[PDB]
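Enquirer:
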């Protein structure tokens, strides 16, 4: 899910939401995707 | 007066 | 005596610093979109 | 080493406001409404108490521990360099 | 060589607060609530005591030992350089 | 506040004022007025009694409790969602969003037609007689004593029955004790600093405790370890 | 404002003024004038009653309600679109845009010929007798008391029946309580700070709440998560 | 505090005050009031007696001990987990988290329905007679003496039975000794500086001593050698 | 302190005070009180007698010696490990670490159930009569003389039996000699500067002399030559 751009709030805190809005939910910025795409591209070109 |  | 002195006043608003901040934020966001897309500036040209 | 500490006096938090909710909205909006005409400021305003109570800014428990840390780091760099030299093994000669 | 030392006066720690827990929350939050209207500040506020007691900042036991250390390190560099020169063995000629 | 609000009856202040020979014409009738004035002028929220009371909204209007002085929150009964201040200038006026409220007198103007709303409000602690009941904090008591003494001396000075130096001293002392009393009731206790600390340090900031009744304001923010 | 505006009749102030032996020639007739003067000089919008009332425009002119003091908004009845201030110098004068308005007396000059307009205005809360009705806030009450005392002492000083020191003290006390009363009625409550907060933080700024009746001014700005 | 709080009976202060011929109308009855006022105004926590006492919560409410003045902590009896200040505005009010508390009078409002809670509170050390018992610290004794002398001289100055210079001297001396007494009771001893030192130097900061009864606050932080 | 504390009996101060004709109503009874007040107000640790005394802990409580004023250390008898200040709010209260202590009156509250603890405390040097015994340092003697003279002149000034200039001079002289006496007893001697020097210069800092009785605080730090 993290690679597919989905963040679970229950995976980084206790949830004391289910509404898809930032004033209580958190943005995900997929900064990990490029790193893995580099390695898969090199795998393809080997 | 006032100077404290 | 301030009526024959004190210089001339200015209605100055520091809107230039706000504009510079917004321009810098735009540069940062465009850079970060470029990085996440895997397409650098040097790789567009 | 802890950060700087601010000495905050709450004598101007408006009436009927909790310190917690006042500070919470100050976080959110970066703007804290205060009340200069609280009853606790009457002496300073009317000149019965020292005017420093409505002025003088907020104090800092600052300790210059960063300069000490920088001095120790520089000493470590110097000693490692001197050990490298006496051993006859330069930095460029390790890599 | 020890770091800078701050002279901290506790005359404004609020009532009913231990110094330990006060300082602990100051660590955690970087904000220390103080009480400018403590009974111990009555003289300064009412003008019966010197106003420096509610002002003047916090003092420092600072010693300039870093400059001494830098001077000694520079002297060591100079003496090692001069020994290298008199021996006819330059730094570039060791590596 | 570090100390607890133990209540005592109003003539406790008249015990202490009447020690002064110049204040012997003071009465319970005068102490009531000046005590209420002092209570309002200080505006300390620990002196009031917190109450919660449900009411019905007939059409954008509801009847308000009798003893209400200030409202902490209003929320919808069925959802629990809090209401905000009403900025609308034509609220229930039609022509040819989220809920909010506005209170002026005995009437609360909401933006909702027919619902039950819960109001968390502050009142005055009363006596067996229908009279105000004051904290026994000797700082509060001394400050209220000095307030009443200052007003009485101000009248007597307007007559010329007190020296200006005597009034100046009284005003100085009242001012210092007023500041001290303000700091006494407002500076948080240890538990209130734990709540403030848990409000202050959030890696992920929490910015929606108005929606709840500020229930989770001082809840600690836990981050799972990865 | 944190506290609620509970109304009480005007002679509540005469209860308190007449405690001073030098103010015993004061009357309800004098209290009315000085109370209205104080109300205007402070200019607090929480002291007025909010009303909405529709009127007809005959030709760029309309009759205004009797109790109107100040207008919050004017809008068109059928659209709800608010009107702005009229800057035009020849509004209904022909030779040989958006709607706006201008009010001077009992007459409102709009830029529209024949429409119904809704006016949200502020009035004074009256008594069973046609008299002003004052808040019972002891800060407001003390400040109004000090205002009237200051005016009476100023007259008596112009005669030379009061010491200059007595008037100087009265002016000092009135000034401090005036500032305090200004801060009491103006500093927002918790709900009003939630509205102000929802007005303050917009990733996408909202700049058209005048068109509506400022209904959505304190509405929270939600961003969907992507 | 460096020195120990050895208790002595209240008339020890009347031994010392009555040395002054102008204070010979003072009584145990007056000394009690002014001693309690001084105790509160200084707010020194070493002057109170630390007590722990368990109570039952019936439904979000519990009865509080008689001698309680201030609460150090409240915790759950079975878990030992401490409670925080309650920020919720509708605590036990239903519609149609961690535990916290709130105390106003003789009643403690918790967020829990039916549990036993342990309260660590501060009280006043009493005598064989039900009277306050004061420290024998001659700094404390001198400061309390100067407090009572200052109040008595302030009354006598309001009469005009003392010179203004005499009152000015008394106020100066009381102010200095008040500051000195504040520093005497607050500055830590050597053991308290070891606790503060062990609180101050943590390579791995400890930020959860509220959960415990601050038991481990001054515990030293050991790092294993690798 | 450079000089040695040679003890002399209390009426040595009355020899010197009674040289002043205005101090001839002073007594041993007055000198005792003002001497104890001066001793406390200066707070010099060289004036007290260092004692060590073992006690038993029954259950988190122990009986304290009679003459104790302040505690230097408490340690366990069998291990010698020192105790720290107790920060715990529920020390011996159970629900359903390192050792520490807390002392209020004649009772020491430790965190240990049944052990013998050694207490190193400070007391007052007494006479063959059960009376305080003062240093014969003429700086200390002059400062105590000036303290008593200042208090007596302050009373006589409150009466109006001394000029304000005379009291102002006395206060100035007492203040200077008080500062000088503070510096006399506190500035280290040569041996105490060797201890401070051996505490100050450590290539490898020593930070655990509280565990011992500060025995090794002034021990020199030797580095072997390589």
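Protein chains in written order, with the deposited numbering: chain A, 52 to 67, 72 to 101; chain B, 242 to 245; chain C, 505 to 549; chain D, 455 to 549; chain E, 455 to 549; chain F, 1 to 96, 107 to 236; chain G, 1 to 96, 107 to 236; chain H, 1 to 96, 107 to 236; chain I, 1 to 96, 107 to 236. Don't be surprised by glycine CBs; every beta carbon is placed ideally from N, CA and C.
1. Indicate the three-state DSSP secondary structure (helix, strand or coil) for residue 185 of chain F in the structure shown.
2. Report the rounded CA-to-CA distance for residue 72 of chain G versus residue 111 of chain G, giving the unit in angstroms.
3. From the beta carbon of residue 531 of chain E, is the nearest beta carbon of chain H less than 7 Å away?
4. What are the boundary residues of the alpha helix (DSSP H) that includes residue 528 of chain D?
5. Is there at least one Cβ from chain A nearer than 7 Å to residue 234 of chain F's Cβ?
6. Listing by chain order, which chain F residues have their CB less than 9 Å from the CB of residue 165 of chain H?
7. Which bits of chain D does residue 217 of chain F rub up against, with CB to CB less than 9 Å?
8. Would you mind stating whether residue 470 of chain D and residue 70 of chain F have Cβ atoms separated by less than 7 Å?
9. Assign residue 16 of chain G to one of three DSSP states: helix, strand, or coil.
10. Which bits of chain G does residue 77 of chain A rub up against, with CB to CB less than 9 Å?
11. For residue 73 of chain G, write down the residues that DSSP places opposite it in a beta bridge.
12. So residue 206 of chain G and residue 223 of chain G are in contact, right, with Cβ under 8 Å, and what is the actual spacing, rounded?
13. Using a beta-carbon distance below 7 Å, is residue 503 of chain E in contact with chain H?
14. Which chain A residues are close to residue 229 of chain F, counting only those with a beta carbon under 7 Å from its beta carbon?
15. Consult DSSP for residue 106 of chain F and reduce its assignment to one of helix, strand or coil.
16. What does the Cβ neighbour count give for residue 162 of chain H, buried or exposed, with the cut at 16 atoms within 10 Å?
17. Beta-carbon within less than 6 Å of residue 92 of chain F's beta-carbon, same chain only, minus the 5 sequence neighbours each way: which residues are those?
18. Three-state secondary structure (DSSP) at residue 85 of chain H?
19. I need the DSSP call for residue 51 of chain G, collapsed to helix, strand or coil.
20. Quick one, which of H/209, H/159, H/34, H/214 has its alpha-carbon nearest residue 101 of chain H's?
21. Report the rounded CA-to-CA distance for residue 5 of chain F versus residue 488 of chain E, giving the unit in angstroms.
22. From the beta carbon of residue 89 of chain A, is the nearest beta carbon of chain C less than 7 Å away?
23. Helix, strand or coil: how does DSSP classify residue 117 of chain H here?
24. If you reduce the DSSP assignment to three classes, tell me which class residue 165 of chain F lands in.
25. Within 7 Å of any Cβ in chain F, is that where the Cβ of residue 155 of chain H sits?
26. Alpha carbon to alpha carbon, how far is residue 64 of chain A from residue 233 of chain F?
27. Using three-state DSSP, classify residue 232 of chain G as helix, strand or coil.
28. List the residues of chain D whose Cβ lies closer than 8 Å to the Cβ of residue 134 of chain F, in chain order.
29. Is the shortest distance between the beta-carbon of residue 488 of chain E and the beta-carbons of chain H less than 7 Å?
30. Let me know if residue 192 of chain H comes out buried or exposed under the rule of 16 or more other beta-carbons within 10 Å of its beta-carbon.
31. Based on Cα-Cα distance, which residue from F/19, F/58, F/25, F/144 lies nearest to residue 38 of chain F?
32. In chain order, what residues of the same chain have a beta carbon less than 6 Å from the beta carbon of residue 497 of chain E, not counting five sequence neighbours either side?
33. Quick one: using the 10 Å Cβ neighbour count with 16 as the cut-off for buried, is residue 499 of chain D buried or exposed?
34. Is the Cβ of residue 73 of chain F closer than 7 Å to any Cβ of chain D?
35. Kindly list, in the order they appear in chain F, the residues whose Cβ is closer than 8 Å to that of residue 470 of chain E.
36. Using DSSP with H/G/I as helix, E/B as strand and the rest coil, what is residue 76 of chain A?
Expert: If we stick to the structure as given:
1. Within the sixth chain, the letter at position 175 stands for residue 185 of chain F. Residue state, collapsed to three classes: helix.
2. One-based indexing of the seventh chain puts residue 72 of chain G at position 72. One-based indexing of the seventh chain puts residue 111 of chain G at position 101. Straight-line Cα distance between these residues: approximately 12 Å.
3. Residue 531 of chain E sits at position 77 when you count from the first residue of the fifth chain. Not an interface residue.
4. In the fourth chain, the residue the question calls residue 528 of chain D occupies position 74. Start and end: 519 to 540.
5. If you number the sixth chain from 1, residue 234 of chain F lands on position 224. Cβ-Cβ to chain A under 7 Å: yes for residue 234 of chain F.
6. In the eighth chain, the residue the question calls residue 165 of chain H occupies position 155. Under the 9 Å cutoff, chain F gives 19, 20, 21, 22.
7. Taking the sixth chain and counting its residues from 1, the one referred to as residue 217 of chain F is at position 207. Going along chain D in sequence order, the residues near residue 217 of chain F (Cβ under 9 Å) are 478, 481, 482.
8. Residue 470 of chain D sits at position 16 when you count from the first residue of the fourth chain. Residue 70 of chain F sits at position 70 when you count from the first residue of the sixth chain. Yes, the Cβ-Cβ distance between residue 470 of chain D and residue 70 of chain F is below 7 Å.
9. One-based indexing of the seventh chain puts residue 16 of chain G at position 16. Three-state result, residue 16 of chain G: helix.
10. Working through the first chain from its first residue, we reach residue 77 of chain A at position 22. Simply 213, 232, 233, 234, 235.
11. If you number the seventh chain from 1, residue 73 of chain G lands on position 73. Answer by DSSP bridge pairing, in chain order: G/130.
12. Working through the seventh chain from its first residue, we reach residue 206 of chain G at position 196. Working through the seventh chain from its first residue, we reach residue 223 of chain G at position 213. Actually they do not touch by this definition, with Cβ atoms about 17 Å apart.
13. Taking the first residue of the fifth chain as position 1, residue 503 of chain E is located at position 49. At least one chain H Cβ lies under 7 Å of residue 503 of chain E.
14. Position 219 of the sixth chain, counted from the first residue, corresponds to residue 229 of chain F. 67, listed in chain order.
15. One cannot assign coordinates to residue 106 of chain F, given that chain F in this structure leaps from 96 to 107.
16. Taking the first residue of the eighth chain as position 1, residue 162 of chain H is located at position 152. With 16 or more other Cβ atoms within 10 Å, it is buried.
17. Residue numbering aside, residue 92 of chain F sits at position 92 when the sixth chain is read from its first letter. Cβ within range, chain order: 60.
18. Sequence index remark: in the eighth chain, residue 85 of chain H carries index 85 (1-based). Note: residue 85 of chain H maps to strand in three-state DSSP.
19. For the purposes of this step, residue 51 of chain G is taken as residue 51 along the seventh chain, with counting starting at 1. Collapsing the DSSP output to three states places residue 51 of chain G in a strand.
20. Structure remark: chain H lacks residues between 96 and 107, so residue 101 of chain H is without coordinates.
21. For this step, residue 5 of chain F is matched to residue 5 along the sixth chain. For this step, residue 488 of chain E is matched to residue 34 along the fifth chain. Near 22 Å, if we compare the C-alpha coordinates of residue 488 of chain E and residue 5 of chain F.
22. Locating residue 89 of chain A in the first chain gives position 34, where the first residue counts as 1. Interface residue, yes.
23. Indexing the eighth chain from 1 puts residue 117 of chain H at position 107. Of the three classes helix, strand and coil, the one that applies to residue 117 of chain H here is strand, per DSSP.
24. Along the sixth chain, one-based indexing puts residue 165 of chain F at 155. If DSSP states are grouped into helix, strand and coil, residue 165 of chain F belongs with the helices.
25. Position 145 of the eighth chain holds residue 155 of chain H. No, residue 155 of chain H lies away from the interface with chain F (no Cβ there is under 7 Å from its Cβ).
26. In the first chain, residue 64 of chain A corresponds to position 13, counting from 1. In the sixth chain, residue 233 of chain F corresponds to position 223, counting from 1. Distance between the alpha carbons of residue 64 of chain A and residue 233 of chain F is about 4 Å.
27. Looking up residue 232 of chain G in the seventh chain gives position 222. Here residue 232 of chain G sits in coil by DSSP.
28. For the purposes of this step, residue 134 of chain F is taken as the residue at position 124 of the sixth chain. Within chain D, no residue comes near residue 134 of chain F; the closest Cβ sits about 13 Å away, beyond 8 Å.
29. For the purposes of this step, residue 488 of chain E is taken as residue 34 along the fifth chain, with counting starting at 1. No, because no Cβ of chain H sits closer than 7 Å to the Cβ of residue 488 of chain E.
30. Position 182 of the eighth chain, counting from 1, holds the residue named residue 192 of chain H. Classification for residue 192 of chain H: buried.
31. Translated into the one-based positions of the sixth chain, residue 38 of chain F becomes position 38. Relative to the Cα of residue 38 of chain F, the nearest Cα in the group F/19, F/58, F/25, F/144 belongs to F/144.
32. The count along the fifth chain starts at 1 and reaches residue 497 of chain E at position 43. 503.
33. On the fourth chain, residue 499 of chain D is found 45 positions in, with the first residue counted as 1. By the 10 Å Cβ count, residue 499 of chain D comes out buried.
34. As a position in the sixth chain, residue 73 of chain F is number 73, starting the count at 1. Output row for residue 73 of chain F: interface = no.
35. On the fifth chain, position 16 is the one that residue 470 of chain E refers to. The contacting residues are 2, 3, 199.
36. Residue numbering aside, residue 76 of chain A sits at position 21 when the first chain is read from its first letter. Looking at residue 76 of chain A - three-state DSSP - the assignment turns out to be strand.
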